[PDB]
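A short worksheet on the structure shown next.
Each value in this text was obtained by applying a stated rule to the coordinates, not by laboratory testing. No Cβ is skipped: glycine too gets one built from the backbone with ideal geometry, and neighbour counts run over all protein chains shown.
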Ligand SMILES: CC(=O)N1c2ccccc2CC[C@H]1C
Ligand SMILES: CC(=O)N1c2ccccc2CC[C@H]1C
């Protein structure tokens, strides 16, 4: 992989592996999400950020601040097949004091056609107290040089799915997957649960029949709280309609909300 | 990746990804196991076996037979770091009517030094009745041309760990991880549970303190039965020993049906 000629975006090619595909012999949405995450790490490294933390500026490190995902939105037109090469182009953009936004474009390396696109919102938080905060001007000035100045949006449409408000699922849920625990493979290098596990957990409440007859077109996921290594999660789903679902991830015991989202599916 | 000049083994390089590493910023034993599995698929494809099934010969397909793993043994000297390139060389050998053996050699692409090695035993089984069987001559002859004729063993040594008999863990277990269920990411393309999930499940009963202060050197895992998508598994562990040794057992919760057994060896960092 490498930064483009202007040093304002990063590109990387990936060959789709045998264990990364589902029953249709195409990459799963979790494989895609992991590749998006990998190309974002590589972009951060190629522009100067160290391996100690994900894209933490010099002032963020002295103030004990980290970037946390608040929202992830992914739209797939075509899932790459086992053996194919998928090229992903990623870039970051400043959203004033609200935080940061990272976008991705997926393409078939053989044809050059766009096969998917993603967008994510990243907010600042204290690594120790876990308290969210608005980005300070001196932190913003240290990273703005790595961002395109004019807006460059994967989802330009003024009235699009990536910015829609997500409601809270009402009990009783139509479908459910209870007792979900993360294992060591679900943890990242800092022992926290990987953001891609929540995607897999949200999809566990979708009935097998819907997965066997439909393809996932869109998934929008809001991140409210982190699931810890020793937490147990319940995944809840209700049909709101193509097929549409409302999702909710909550802690098994007290019902503490950790995630909410929606998925849209097409008939094959 | 590509077959070597003689067409009797296959090589492939991999860059270690960010999500593939643990707390030490080096690849996990499950990442290694997945890479071994991937290079074995690529070897099967590079020599003519179709994407419909894993290394199934023409006679195997008409008789509804598949290759199943009976044992997996992995010994790691150095875990590759995030960003490093690991080169893996794999080959398969005929073990007469017993079945076949697949071996692997892991190397640092920058230094050429061996950093790990693995071996696995594959047995023949009916896709539908699930009944194991000895390999017939008709099948053996169709795949013998893709194997080195003289023995080529990753684990040559007189009495090595890869062939040792594994005993059954006695109740009560010292450590346990109860209620383990596979999710869709744990399933392969044929909707069966991936063999690497059993490795992760066996390691779940190892206390976090042992993982934080030790490095896994060896893991030997016997496969007795498959865990189905709607099965719930219990992972049991007992210390059997500078180094630490454990006896492992994976069994179904609903009746205690054994699915896996194995051993792990760890060294102090
Ligand atoms: C968190 C994140 O992705 N960031 C990043 C990473 C790589 C390259 C540029 C940027 C902008 C600075 C920062 C917000
Ligand atoms: C199961 C297996 O890995 N096999 C294989 C695969 C790729 C290349 C050669 C071989 C030998 C034939 C067969 C036993």
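What does the average come to when, for each residue of peptide B:75-86, you count the partner chain Cβ atoms lying within 10 Å of its Cβ?
Neighbouring Cβ atoms belonging to other protein chains average 1 per residue here.
Would chain B count as rounded, prolate or oblate if I go by the C-alpha gyration tensor, calling it rounded below 1.5 in a/c and otherwise prolate when a/b exceeds b/c, oblate otherwise?
Oblate is the answer for chain B, as a/c is 1.5 or above yet b/c matches or exceeds a/b.
May I ask for the distance between the Cα centers of segment A:1-68 and segment A:163-202, given as a whole number of Å?
21 Å
With a Förster radius of 25 Å, plug the Cβ-Cβ distance of residue B:190 and residue A:192 into 1/(1 + (r/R0)^6) and report the FRET value to the nearest 0.05.
Step by step, r from the Cβ atoms, then E = 0.20.
Quick one: order A:227, A:41, B:147 by neighbouring beta-carbon count within 10 Å, fewest to most.
B:147, A:41, A:227
Under 11 Å from a point placed 7 Å out from the Cα of residue B:58 along the Cα-to-Cβ direction: which residues of segment B:122-151 have their backbone N that close?
Answer for segment B:122-151: B:142.
Ranking request for peptides A:185-192, B:113-120: highest mean number of other beta-carbon atoms within 10 Å first, then the rest in descending order.
So the order, starting with the most tightly packed, is B:113-120, A:185-192.
When the helices in the protein assembly as shown are scored as -39500 (n - 2.57) per DSSP H run of 4 or longer and the sum is shared across all residues, what 222 nm value do you end up with, to the nearest 500 deg cm²/dmol?
One gets -5000 deg cm²/dmol as the mean residue ellipticity at 222 nm.
Which order do peptides B:6-16, B:158-168 fall in by mean Cβ count within 10 Å, highest first?
Peptide ranking by packing, descending: B:6-16, B:158-168.
Quick one: grab the alpha carbon gyration tensor of segment A:146-268, order the square roots of its eigenvalues as a ≥ b ≥ c, and give me rounded if a/c is under 1.5, else prolate or oblate depending on whether a/b is larger than b/c.
oblate
7 Å from Cα along Cα→Cβ at both residue B:95 and residue B:5: what's the point-to-point distance in nm?
So the label points at residue B:95 and residue B:5 sit 3.1 nm apart.
Fewest Cβ neighbours within 10 Å first, please rank B:77, B:19 accordingly.
Sorted ascending by nearby Cβ count, the order is B:77, B:19.
With label points built 7 Å along Cα→Cβ from the Cα atoms of residue A:138 and residue B:133, find their separation and express it in nm.
Modelled inter-label distance: 7.6 nm.
Give the residues of segment A:192-219 whose amide nitrogen is closer than 17 Å to a point set 7 Å from the Cα of residue B:253 in the direction of its Cβ.
Under cut-off, by backbone N: A:205.
Treating each Cα of the protein assembly as shown as an identical point scatterer and ignoring solvent, apply the Debye formula and state log10 I(q)/I(0) at q = 0.08, 0.10, 0.11 Å⁻¹.
-0.55, -0.88, -1.07
For a label point 7 angstrom out from the Cα of residue B:213 toward its Cβ, which stretches of segment B:167-186 have the backbone nitrogen within less than 19 Å?
It comes to B:174-176, nothing else.
Report the label-to-label distance for residue B:268 and residue A:114 in nanometres (one decimal), using points 7 Å from each Cα along the Cα→Cβ vector.
In this crude spin-label approximation the distance works out to 5.8 nm.
How would you rank B:176, B:241, going from fewest to most other Cβ atoms within 10 Å of each one's own Cβ?
If I rank by nearby Cβ atoms, fewest first, I get B:241, B:176.
Under 1.5 on a/c is rounded, so check that first for segment B:45-175, then, if it is not, pick prolate when a/b is larger than b/c and oblate when it is not; a ≥ b ≥ c are the square roots of the alpha carbon gyration tensor eigenvalues.
Oblate.
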